[PDB]
Every structure is written in structure tokens, then in C-alpha cells.
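First structure 1, then structure 2: two forms of the same chain, each alone, as C-alpha cells.
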Structure 1
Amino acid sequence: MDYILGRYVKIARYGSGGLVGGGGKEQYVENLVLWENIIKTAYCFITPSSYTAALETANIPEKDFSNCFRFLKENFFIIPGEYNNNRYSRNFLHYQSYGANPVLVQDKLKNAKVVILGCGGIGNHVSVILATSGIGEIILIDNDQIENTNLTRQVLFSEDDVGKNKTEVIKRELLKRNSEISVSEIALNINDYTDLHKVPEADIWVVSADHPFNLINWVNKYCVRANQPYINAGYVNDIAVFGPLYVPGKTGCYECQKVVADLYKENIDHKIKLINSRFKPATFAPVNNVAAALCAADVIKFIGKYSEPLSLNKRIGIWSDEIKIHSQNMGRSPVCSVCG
């Protein structure tokens, strides 16, 4: 069994010693002696090598090589040589860095079916990421037509596409970018709960349609009964939102913890309803794109099985006018009117 140093590894002299790795797994090694033994060990694996071969090759004691080799391996800085073996060959480094065999992740994605419930800003951004990552089947669900006003967020759409069906244009634009996949169309907005039964079974539903106001409440109840995984994404004006990632029998549902206040005394509640009915989201592409990007990451991870999705049992907000991220707990509840 050969091992190889991942190309995503990098190091640097820093402080008392140095840094090993980039991104989340970056570790400051304080002991310079130890830091140096890690590089000496890592150097043996630039080209694939067995444990024993590299031990003789390294100019360091067996006891140190063991610990250093373990450190590298436990952090997936060095992976099984076979994992190094394409279109998606860019995403392969990402999966390797999490200790997954990229081919087996890629295979899972190819075998997956994803419903995109709403093809506005979020659906545009999610669908293209999933397509170019190699999600095997995509089901596009929307009945609205492209308007010029859409172009600000809905990245697949062009001035010449205005008037045409959203589902139609996404589909064409997707196949242009990844011809190896299959895309499906369903011309349908959810104006009535019963419209959900026209939504096909899938590995997961990406839910981002913003009308009616209680759409996520209709999806929640239906997906529980239907044992159907879903993830909500969107925004509350300037705050990007993604989660929860509902997993039947594993997570709480949207309704469990009641983290949200419903939009809709004689005199006041009529005035509230009037205000809320006039509501239009202050949409902004940067916010749309964040929610969509992280939504997409979670679906890839959920299906790929290589890392835990962030939005399991959580509804996550990222601010755009402050440096701030906040999650609301969506843990399971026995008192829930849907899945208690």
C-alpha cells in the first residue's frame, strides 16, 4: 500500500516553528524540531511510497517517523496512493483533503437525483454548481418566465432569454456546461400543497421558492410524511440563510424548535397583514450567491458522504453588513406538531 502527499498541502516557517497544511486543517506546530520532522517525513511521499520504504528513505528515528506519518495521515495530508488516480479532476483534491476516495464520491454524485424546488436566484446558483460537480440527475421545478429584472442574480439568464421559461433556459445552459449529465423539467409553481405530489422522489430537495409565505411549512410537513430529505436556502433581506438540512429520523424538522415568527385584536392584525402582504425582499446578488453556494456544499456533502453538512439540525445566517455568522438550533422535538 503506497501513500502520496496531497497537492493541497503547503507549509511555512511561522513563529517558534511552522504551519502544516492550508485551510481548515492548518496546524501551527510550535516545536521547530517536530515541525522539521514533519517536512522530512512528508518529503518522502511527494512521489508515492510505502510506509517502510519511506522510513529507510527518511533521515529520522523510527519513533519520530511513526508519529509524523500518523499526523500526516490522520489529517489526510498523505492519502492512499490509489486516491490520486477528468472533468471533475478539480473537485478531486477537495474530496482527498477529507480522506475520501474521490472516484467513489464522484460515483455517488453521478448516481444521485436532485430536485431544485424553485428556479429563481438560489435555484440558478445551486443548479449550476451541482451540474458542474457531476450530480447525475437534476429536476428543475418552476413555472415562471424570465424577466429582465432577474438578470441581477439569476446567473444562467441573458438579455436574449427574457420571456422564455426559466426551467427551459437553465436546462440548456446546464447541458452546455456539463453534457455528461441529465436534466429534467417540470413546469410548476407550488400555489397549493397538493402540487407537492407532482414533485418527484429524490436524494434531496433544494427548497428556495419564496411564495407562498408558508411554502417551507408545506414542504416540511410533506417531506416528513414522504420520508424526503430537503434543504431550505434563501435570505432575509441582507442576511444569507441556508439550512436546515432535514434528514428523516436523524434531524429535527423545521417546526420542531420554532425558531421563526409567522408573518400572518381586531384593529392591529388587519394592519399587520396589510404590511406583510406588500413585502418585497431587498434582493442582492452577493447575499443570494452565499446562501446558494453553502446550500450547494451541503447537498454535495450529504450525497457525497465525505464530510458532515453544516446545516444538519441548524438554520444558519451569514450577515452581509457585519462580519457575523449565527446558527439557530433545529434539534429534534417530541412536542412537534409534524414529527413529534
Structure 2
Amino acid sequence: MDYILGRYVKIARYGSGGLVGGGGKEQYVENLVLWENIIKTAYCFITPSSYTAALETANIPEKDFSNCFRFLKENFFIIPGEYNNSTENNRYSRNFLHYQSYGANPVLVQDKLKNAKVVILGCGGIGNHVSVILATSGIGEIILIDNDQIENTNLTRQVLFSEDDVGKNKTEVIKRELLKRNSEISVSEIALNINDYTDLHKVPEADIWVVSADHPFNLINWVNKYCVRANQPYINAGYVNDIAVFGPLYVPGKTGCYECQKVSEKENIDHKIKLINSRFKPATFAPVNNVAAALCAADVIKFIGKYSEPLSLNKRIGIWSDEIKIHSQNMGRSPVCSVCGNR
């Protein structure tokens, strides 16, 4: 069995030794002689080589080679050579490097993506962006669920839409834009907006529901109730004005649900509150929408792909746009929950 050095690894002389790899897996090795040995060993695996065929090629002690080989293999800097057959004319080539860097066999991850079915419940700015990431990452089946028409004020965040698309159904437009980008995948549309809780029975079972429609106010509560009963994974994403929000990612039997961590009367002011709130329109900002959409999609890809833990497991995550700030809200499982208890 051959191993091969991942193309996503880089190396720098730093401090006393150097750095190996880049991004989150980047390792600072303080020992010069160790760092030096790691690169001599790495170099032996540029070409797909079994441990000893690569060993017969280096000029360091056999036991020293093992330490360095252990470091490289554990950090996924070298990988099984089988992991490296994407046709090279394979569209998902750059995605394959991602999967490899997490220690996964990218062909198996890709196949899970191919076999998955994702419901996009809401086709606004978040649905737009999530659906396109998913299509181009090769999710095999996407069901678009929205009954809204395109408006000109939409064009600021809703990335798939042209000026000429104003007036069309969002779902019809998303679908053609998706099939322009990946003709291999399957897209269907349901002309529906959830207004009853019973409307949710019209939503088909899928690997996951991506829930972004904010109307009505308690859409998420119905979605959550329905999905806990139906054993149906979902992820929520959205924004509150300038804050981008994603999570929780609900996984039946595994995570907490939306309700786990959850425990006016004067009529003259109750009416004032309801008018003020009826007039509400979010201070939409495309960068906010997009960060929310992007992280939601990453978690969908990880959830289906299985090669890394999604970030929004047991958490609702808020990213601020006018400060450097991420804050999570606890949505871990409560044994006293009124929705997902079931025991």
C-alpha cells in the first residue's frame, strides 16, 4: 500500500524549527532537527510509495523515519495513494484536497454527496447561496420550496437572480441557474410557503432540510416540532439585521433540538407592539446573508459527507458584522425537553 504527500501541505523555516501544513492543521515544530527530518521523510512520499519503498530512498535512521511518518500520517499530510485518483479533469478536484486534509477518502465523500437529497425550505438570499454551494459541490438532489416571486429589492443578496428575472418564481429561477452550473444533478420545485403547521407534511423527507424562511415568526418552532416527530435532520440559518446566524443543526437522537434550551398583557400597549412589529423589515446586508449562507452550507456538506463535525451541532451561532465577534447559544440536549424528550 502506497502513501502520497498531499498537495495542500506547505513548509516554512520558522522560529527555531519550522511550520508543517497550512490552515487549521498547521503544526509548529520547535525542534530544528525534527522539522528537518519531517521534510526529508515528506519528500520521499511526493511519489506514491509504500512505507519501505519510500524508506529505501531516504537517508535517515529507520526509527527516525517512523516518528516522522507517524507525524505526517496522523495529521493527514501524507495519505493513502488510493485517495488521489480524481480524473484531474474531475470538477470536484479542489474539493478533493479539502476532504483529504481531513483524513477522508474523497471519492467516498463525493459519493455520499451524490446520493444525498437536500430540501431548501425558503428560497431567499440564504436559500439562493446555500443551494448554489450545494449544487456545485455535487449534492445529487435539491428540492426548492418557495411560493414567492422575485422583486427588484431582492437583487442585493439573491446571487442567482438577474434584473430580467424580476416577477418570476424564485424556485424556477434557482433551478435553471443550478442546472447551468451542474447539469449532472437533479432539481425539483415545490410551489409552497409554510402557513399552517400542517403544511409541513407537504415537505418531503430528505437527508436534511435547510430552513431559512423567516415568515411566519414561529416557522422554526413548527419545523422543529415536525422534524423531531419525523426523525428529520434540519439546519436553520438567517440573520438578525447585522448579525449572521446559523444553527442549530438538529440530528435526531444525537443533538438537542430548538426547544431544549427554552424554559404585553396591557392591551393598549400590546396593540402598539403588534403594529411596530408588523412594520418590521430586516436591515438586510448581502455580506451578512452570505456569511450565514456559507457556514450553513459548509455544515450541510460536513453533515452529509461525514468527514468533519459540523460546527452548529448543539449551537445557534451568531457572527457580528460590525465587530469581530462570534457568540454561540447553547442548544444541547435537555432530558427535560417538551419536544424531544420522548423518554
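Each form is matched to the other, and the largest set of C-alpha atoms that superpose within 1.5 Å is called the rigid core. All residue numbers here refer to structure 1's sequence, counted from 1.
Per-residue Cα shift between structures 1 and 2 after core alignment stays below 2 Å for all of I272, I46, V33, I39 except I272. On the core-superposed pair, the CA position of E62 changes by 1.4 Å between structures 1 and 2. A C-alpha shift of 0.4 Å is found for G136 between structures 1 and 2, based on superposition of the rigid core.
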